[PDB]
Structures are given as C-alpha cells and as structure tokens.
Amino acid sequence: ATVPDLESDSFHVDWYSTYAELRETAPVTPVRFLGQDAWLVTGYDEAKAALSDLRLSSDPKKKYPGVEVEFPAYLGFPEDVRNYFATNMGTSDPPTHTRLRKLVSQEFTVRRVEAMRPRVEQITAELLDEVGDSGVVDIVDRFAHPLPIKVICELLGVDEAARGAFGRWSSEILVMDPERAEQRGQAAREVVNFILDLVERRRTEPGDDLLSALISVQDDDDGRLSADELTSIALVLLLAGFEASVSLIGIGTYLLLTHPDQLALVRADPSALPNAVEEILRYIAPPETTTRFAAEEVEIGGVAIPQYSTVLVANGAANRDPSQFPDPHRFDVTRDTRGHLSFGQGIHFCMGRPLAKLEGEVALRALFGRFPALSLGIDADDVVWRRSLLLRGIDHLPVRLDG
Ligand code: HEM
Ligand SMILES: CC[C@H]1OC(=O)[C@H](C)[C@@H](O)[C@H](C)[C@@H](O)[C@@H](C)C[C@@H](C)C(=O)[C@H](C)[C@@H](O)[C@H]1C
C-alpha cells in the first residue's frame, strides 16, 4: 500500500487538511517518521482512548527483549543526556509517575502560581513598555518569547547570567531534522550541563524558589526526589515551562489578528478571554503530537496495534474531529471547548495548566488593550509555521502597533 511519511510537506503545509483526509480513511493509520514505522492516531475517541490506556507506556528508559525503544523526540540524544531528559513525570509510568507527581504537586501549587500574578502582570507591562507605540516589531522576539522565559526563570531561581542562552538550545531541540541530529544532540548536552550547575548552586544557596523547595521536599510514605529525578524534573520544568506558552501567546496573537470578529468579541467582553485562550489551544494545539510505546498489543478504534510499536497520538488532529467539535475548522471564542486534548488527558494531564492560562490571559489582554490598532505586518498566508510535530509555533510574527 502507500504509507504516509510525517516528514513530507503535507504535514507542514495546511496539515489540518491532511489530518482530516487521514482520519476519515482510518483514525489509526501506520506511518513512517524519522526512518521508523509508527502509528498515527487522528480520531478524537481513539486519541482519548490511547491516552487513557496504560499499556501504551510513556517511559523511553524501559528495556524489552530484542527491542530497541526509540522515541523520535530524542533524535540525536546520547544515552546519558536522554536519561536526564527522561526521569521526570512525563517520562515515567506508575508507580514511579505517581510518587514523582505527588512530590512535585506538594510544591508546584495553585497558591504559588496565583502569588505570581502581580509579577506576571508587571513583566508584561515592562516588555510592552519597551516595544514602543509605532511601527513594526517582532512580537515573538519582543514579547511572546521573553515573557514566559522571565516568568519560568523567576519561578525556578534562574538568574540573569544564565537566561537567553537556553533560548537558542531549546530552538534546536524543537525540530527533528535527521540532517541536524548531532547539533540537536549537542544543544541537548548544553541544557543538561546548564541544569546540573543550576541544581548545584541551588543546593548551596537555597532560596524561596520552586527548585529550592523541591530539593528539601519529602513525604512520609514516598520519601524524596533523588539527585537524578531532581535534575530531570528541573530540566523539564524549565523547558516545558516556557516553550508551549510562547506558542500559545504567538499563535493566539496571530489568530485574533486574523479573526477581527473574534478579536472584537474579546475586546467588548473581557470575561470572554479565558474561553478564547481555551479555543486558541483547541484550534492549533502546540503539542500537536504526543508519543507512546506499546508495551503490549493494543486495539485502538478496531485496529490492533502490534506490541512494541511507537504510537503517535495526534492531539492536534483530534481537536479537529467533526464528531467532537462541529465545524472544527472555525475559530470561535464562544464555542464549547470542553474535552480538547491540548493539556493532555489521563494521569499525565498538564500540571502547569494554571500558569499557562494565567500567562495567556494576562498577555493577550495587555497586548490588545494596549494597542487597539494592532495588526499583522505581513499577509496572513506568508506567516511561517515552525516545522515540528513536537511543538508547533510561530518564530517570527511582525505586527504594526499603531496601525
Ligand atoms: C500552553 C501551555 C501548555 C500546553 C499546551 C501543555 C501541554 C501539555 C501536555 C499535552 C501534556 C501531557 C503530555 C503527555 O500526555 O505525555 C503536558 C504535561 C505536562 N506539562 Fe504542560 N503544557 C503547557 C504548559 C505547561 C507549563 C507552564 C508547565 C510547567 C510550569 C507544564 C508542565 C507540564 C508537566 C510537568 C507535565 C507532565 C505531567 C505528567 O507527566 O504527569 N506545562 N503538558
Ligand atoms: C525533547 C522531548 C521533550 O520535549 C520538551 O521538553 C518540549 C520542549 C516541551 O515543549 C514539550 C513538548 C511540552 O510542551 C509538553 C507537551 C510535554 C512535557 C511536559 C513532557 O513531559 C515531555 C516528556 C517532554 O519533556 C518531551 C516530549
């Protein structure tokens, strides 16, 4: 037959049309990606079922007989650094996942996030102060990007002389291009080194930050985080703590700008903003694809996925399933967004949801309330989308502030 290769332009040029075509044909279809055979789940029910099925592991460190487990997101990562990226809750299965998440939840709380609101609002104001009030500016470089980074650095205790650097590393890690596999693996080692230093200096000079707190956190029945776990969790909190938020702000800005009717709605009714954020995530999900490994044979949507298969749950395609979201291709800030899979589903549900919504709301509100004449500086069709199934986004978005 003819198997699709996720590396083709069909998955990067009007891709939601390609997911649509695949879905109606087969909601669970075999594909080729990065040289391996995998299974792409495009249907809503099938995707939701797969995330809820624990036979589909999240752990890339598990060893099986005559099997070489290879998650495409670790393309080019040496084993030592791979292990540093994969010893946290998102790369663990129960009961390991259970205690890891339990320990972290004790400190990464809603109270701590809420206590950050005035700071987030303060940082937003400042960045907007610096862009001016006329002409064209790169809203990503000048706003969408710095904001989440400054917020996460304060939450984690990352000081001035450290920030920015990781910015360039993370960019490399976001794309999975076999040609640049060694550069990708190189950037990965850089972040691992940076984190090792961060953690060490934090053990020596403790503060009020989340990292310090996770260092002394302990539970009577679950004990505490080991050095490796602490190091890996710190690493993922830093990276996952800002990247997806950059995508939310930037994609969100592009969408409101391109949907005047929807933007006006938000301007008129600020209470319609929280749901606009949820509709932004549903419309174009940043984590377009999440990976799972079939430890056992699993039947999804009538299809029997062979044991030891790599399954790619297309969260983004699922959010566009007609049977779940009527007229899914219509960006509507007023629609019911309940059930979208952008924050996950099941035991690995997004822990940072509270912070992500806070950032998206505060940021978009400020941006648009500050520049009532804001518009795109390029034709909508010219916007360049990040070519990644791992974390979709816009790296350059020129806007005109005054009009
Ligand atoms: C727009 C924002 C965000 C989106 C779209 C997003 C999306 C997701 C998704 C899809 C998952 C599930 C992964 C899976 O099933 O394998 C997840 C997990 C997670 N997210 Fe978020 N996330 C966002 C922001 C954040 C932030 C701000 C933080 C941290 C401060 C965060 C921390 C995490 C963590 C640690 C997990 C793993 C939880 C677990 O494995 O049990 N996320 N996120
Ligand atoms: C290099 C692979 C890793 O990617 C990243 O850290 C990316 C920079 C993040 O943006 C990812 C995509 C997040 O936004 C969340 C969706 C998932 C995250 C919290 C995980 O737990 C997950 C295991 C993740 O660490 C890996 C996919």
# chains A, B, ... in the order shown; residues from 1 in each chain; ligands from 1
>>> residues_near_ligand(ligand="ligand 2", cutoff="6 Å", atoms="only C-alpha atoms and all ligand atoms", output="JSON, numbers by chain")
{"A": [73, 74, 90, 91, 236, 239, 240, 243, 244, 287, 390, 391]}
>>> residues_near_ligand(ligand="ligand 1", cutoff="8 Å", atoms="only C-alpha atoms and all ligand atoms", output="number ranges by chain")
A: 51, 58, 88-92, 97, 101, 152, 233, 236-238, 240-248, 281, 285-287, 290-292, 315, 341-357, 360
>>> write_last_selection(atoms="C-alpha atoms", output="short mmCIF file (atom, residue, chain, number, x, y, z; two decimals), in the first residue's frame")
data_model
loop_
_atom_site.label_atom_id
_atom_site.label_comp_id
_atom_site.auth_asym_id
_atom_site.auth_seq_id
_atom_site.Cartn_x
_atom_site.Cartn_y
_atom_site.Cartn_z
CA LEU A 51 -4.01 8.36 26.35
CA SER A 58 5.34 6.92 28.42
CA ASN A 88 10.53 13.01 35.41
CA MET A 89 6.76 12.53 35.47
CA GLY A 90 6.14 12.85 31.70
CA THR A 91 8.60 10.03 31.02
CA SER A 92 7.51 7.65 33.80
CA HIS A 97 4.96 8.53 37.96
CA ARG A 101 3.91 13.78 40.52
CA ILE A 152 9.79 30.50 34.50
CA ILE A 233 12.32 17.37 36.77
CA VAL A 236 11.67 19.59 32.09
CA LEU A 237 10.06 22.27 34.26
CA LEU A 238 12.38 24.85 32.73
CA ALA A 240 8.22 22.78 29.20
CA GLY A 241 7.63 25.80 31.43
CA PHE A 242 8.11 28.37 28.66
CA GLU A 243 8.08 26.81 25.18
CA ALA A 244 4.42 25.88 24.97
CA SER A 245 3.45 29.25 26.46
CA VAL A 246 5.44 31.06 23.76
CA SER A 247 3.42 29.13 21.17
CA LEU A 248 0.12 29.96 22.93
CA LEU A 281 -5.38 25.82 22.31
CA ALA A 285 -2.60 22.74 19.70
CA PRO A 286 1.10 23.44 20.43
CA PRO A 287 1.83 19.77 21.41
CA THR A 290 2.48 13.04 21.88
CA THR A 291 4.39 9.73 21.85
CA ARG A 292 3.56 6.40 23.45
CA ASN A 315 -3.68 15.75 19.89
CA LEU A 341 -6.67 17.38 24.29
CA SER A 342 -4.17 20.26 24.33
CA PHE A 343 -3.45 19.87 28.03
CA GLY A 344 -3.39 16.11 27.79
CA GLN A 345 -5.81 13.55 29.20
CA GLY A 346 -5.41 10.97 31.94
CA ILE A 347 -2.68 10.61 34.54
CA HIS A 348 -0.22 12.80 32.62
CA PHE A 349 -2.66 15.72 32.41
CA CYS A 350 -0.84 19.06 32.32
CA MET A 351 0.43 20.13 35.73
CA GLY A 352 1.14 23.68 34.54
CA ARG A 353 -2.35 24.39 33.24
CA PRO A 354 -2.96 27.14 35.88
CA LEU A 355 0.24 29.00 34.95
CA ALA A 356 -0.35 28.56 31.20
CA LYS A 357 -3.84 30.05 31.35
CA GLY A 360 -2.12 33.56 28.06
#
>>> residues_around(residues="residue 186 of chain A", least_positions_apart="5", cutoff="10 Å", atoms="only C-alpha atoms", output="MDAnalysis selection string")
chainID A and resid 76:78 81 169 172:173 180:181 191:192
>>> write_last_selection(atoms="C-alpha atoms", output="PDB file, in the first residue's frame")
ATOM      1  CA  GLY A  76      20.337  12.523  18.257  1.00  0.00           C
ATOM      2  CA  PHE A  77      20.453  12.447  22.056  1.00  0.00           C
ATOM      3  CA  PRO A  78      23.277  10.368  23.569  1.00  0.00           C
ATOM      4  CA  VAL A  81      21.549  13.062  28.180  1.00  0.00           C
ATOM      5  CA  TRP A 169      19.335  25.467  22.678  1.00  0.00           C
ATOM      6  CA  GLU A 172      17.262  23.306  18.132  1.00  0.00           C
ATOM      7  CA  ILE A 173      15.544  20.679  20.281  1.00  0.00           C
ATOM      8  CA  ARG A 180      20.956  18.231  12.191  1.00  0.00           C
ATOM      9  CA  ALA A 181      20.852  15.235  14.537  1.00  0.00           C
ATOM     10  CA  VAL A 191      20.878  22.249  28.579  1.00  0.00           C
ATOM     11  CA  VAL A 192      21.872  19.217  30.678  1.00  0.00           C
TER      12      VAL A 192
END
>>> residues_around(residues="segment 27-39 of chain A", least_positions_apart="6", cutoff="6 Å", atoms="only C-alpha atoms", output="number ranges by chain")
A: 3-6, 310-312
>>> residues_around(residues="residue 220 of chain A", least_positions_apart="3", cutoff="12 Å", atoms="only C-alpha atoms", output="list in words")
residues 99, 102, 103, 217, 223 and 224 of chain A
>>> closest_atom_pairs(of="segment 250-284 of chain A", to="segment 130-144 of chain A", cutoff="10 Å", atoms="only C-alpha atoms", output="Markdown table")
| residue | atom | partner | partner_atom | distance |
| --- | --- | --- | --- | --- |
| A:250 | CA | A:144 | CA | 5.7 |
| A:251 | CA | A:144 | CA | 9.4 |
| A:252 | CA | A:144 | CA | 9.8 |
| A:253 | CA | A:139 | CA | 8.8 |
>>> residues_around(residues="residue 267 of chain A", least_positions_apart="5", cutoff="10 Å", atoms="only C-alpha atoms", output="ChimeraX atom specification")
/A:262,272-273,365,368-369,372
>>> write_last_selection(atoms="N, CA and C atoms", output="PDB file, in the first residue's frame")
ATOM      1  N   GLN A 262     -13.703  37.856  16.029  1.00  0.00           N
ATOM      2  CA  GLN A 262     -13.416  37.211  17.305  1.00  0.00           C
ATOM      3  C   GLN A 262     -12.671  38.152  18.249  1.00  0.00           C
ATOM      4  N   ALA A 272     -14.757  36.989  28.259  1.00  0.00           N
ATOM      5  CA  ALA A 272     -14.764  36.029  27.167  1.00  0.00           C
ATOM      6  C   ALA A 272     -13.333  35.647  26.802  1.00  0.00           C
ATOM      7  N   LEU A 273     -12.369  36.211  27.526  1.00  0.00           N
ATOM      8  CA  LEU A 273     -10.955  35.933  27.280  1.00  0.00           C
ATOM      9  C   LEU A 273     -10.494  34.531  27.721  1.00  0.00           C
ATOM     10  N   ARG A 365      -4.600  40.031  26.938  1.00  0.00           N
ATOM     11  CA  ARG A 365      -5.389  41.151  27.436  1.00  0.00           C
ATOM     12  C   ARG A 365      -4.567  42.439  27.312  1.00  0.00           C
ATOM     13  N   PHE A 368      -3.498  43.449  23.387  1.00  0.00           N
ATOM     14  CA  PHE A 368      -4.629  44.043  22.672  1.00  0.00           C
ATOM     15  C   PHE A 368      -5.296  45.251  23.302  1.00  0.00           C
ATOM     16  N   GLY A 369      -5.186  45.385  24.618  1.00  0.00           N
ATOM     17  CA  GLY A 369      -5.785  46.526  25.287  1.00  0.00           C
ATOM     18  C   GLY A 369      -4.873  47.731  25.193  1.00  0.00           C
ATOM     19  N   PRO A 372      -4.905  49.133  20.463  1.00  0.00           N
ATOM     20  CA  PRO A 372      -6.199  48.921  19.803  1.00  0.00           C
ATOM     21  C   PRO A 372      -6.130  48.994  18.277  1.00  0.00           C
TER      22      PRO A 372
END
>>> closest_residue(among="A:257, A:387, A:277, A:230", to="residue 401 of chain A", atoms="only C-alpha atoms")
A:257
>>> closest_residue(among="A:7, A:70, A:261, A:21", to="residue 293 of chain A", atoms="only C-alpha atoms")
A:70
>>> residues_around(residues="residue 201 of chain A", least_positions_apart="4", cutoff="12 Å", atoms="only C-alpha atoms", output="NGL selection string")
:A and (157-159 or 194-197 or 205-207 or 211-212 or 215)
>>> closest_residue(among="A:63, A:111, A:23, A:12", to="residue 45 of chain A", atoms="only C-alpha atoms")
A:23
>>> select_by_dssp(residues="segment 146-366 of chain A", states="helix (DSSP H, G or I)", output="MDAnalysis selection string")
chainID A and resid 146:156 165:174 178:204 210:216 227:258 260:268 270:283 315:318 353:366
>>> atom_distance(atom1="atom CA of residue 174 of chain A", atom2="atom CA of residue 15 of chain A")
17.9 Å
>>> select_by_dssp(residues="segment 84-239 of chain A", states="strand (DSSP E or B)", output="NGL selection string")
:A and (136-138 or 218-219 or 223-224)
>>> closest_residue(among="A:331, A:178, A:129, A:190", to="residue 165 of chain A", atoms="only C-alpha atoms")
A:190
